[PDB]
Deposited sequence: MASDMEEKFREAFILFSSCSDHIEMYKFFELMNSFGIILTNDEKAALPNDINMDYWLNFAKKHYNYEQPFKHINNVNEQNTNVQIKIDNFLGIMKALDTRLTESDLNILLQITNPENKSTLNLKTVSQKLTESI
């Protein structure tokens, strides 16, 4: 039994610049920062003006408390998960990542020890520790 309300609240105002409401684009990032992924249908079902209370309730319902970053690496699936570091960086850049090279170094600071081949389970574990 582990309460995330305080973390959910802080994150909201980090992405909303401390306002009690949040723009739809910033809400997608917020939910994505806790591993939450919505279908385009579930997206269209959302309110047009999302406020804090709405988000706190959605987060309780959608956060994967057991596996917050399932969508990076799922332990239920036998992924035995390990791809090349420069390809990883290529894919991130292909998909128009807002991570600057400093951020990608932040990412590599959190998830890489040694210049190995990067394991996604490591990524998922490391981000889980930093929540």
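J.: In sequence order, what intervals of the deposited sequence carry no C-alpha positions?
T.: Since the structure holds only modelled residues, the stretches it omits are 1, 82, 119.
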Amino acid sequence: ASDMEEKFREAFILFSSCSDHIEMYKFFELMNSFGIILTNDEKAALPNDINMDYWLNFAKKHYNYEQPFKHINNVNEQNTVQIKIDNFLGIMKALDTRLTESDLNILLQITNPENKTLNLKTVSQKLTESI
From here on, numbers count along this sequence of modelled residues.
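J.: Compare the mean C-alpha B-factor of 84-92 with that of 68-76 as given in the PDB entry, and name the stretch with the higher value.
T.: Comparing averages over the C-alpha atoms only gives 84-92.
J.: What stretch has the higher average Cα B-factor here, 16-24 or 118-126?
T.: Per the PDB entry, the higher value belongs to 118-126.
J.: Just the C-alpha B-factor column, please: which of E29, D49, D53, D103 has the biggest number?
T.: It is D103.
J.: Quick check on the deposited entry: does the C-alpha B-factor of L99 sit in the lowest, middle or highest third of its chain?
T.: According to the entry, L99 has a C-alpha B-factor in the chain's highest third.
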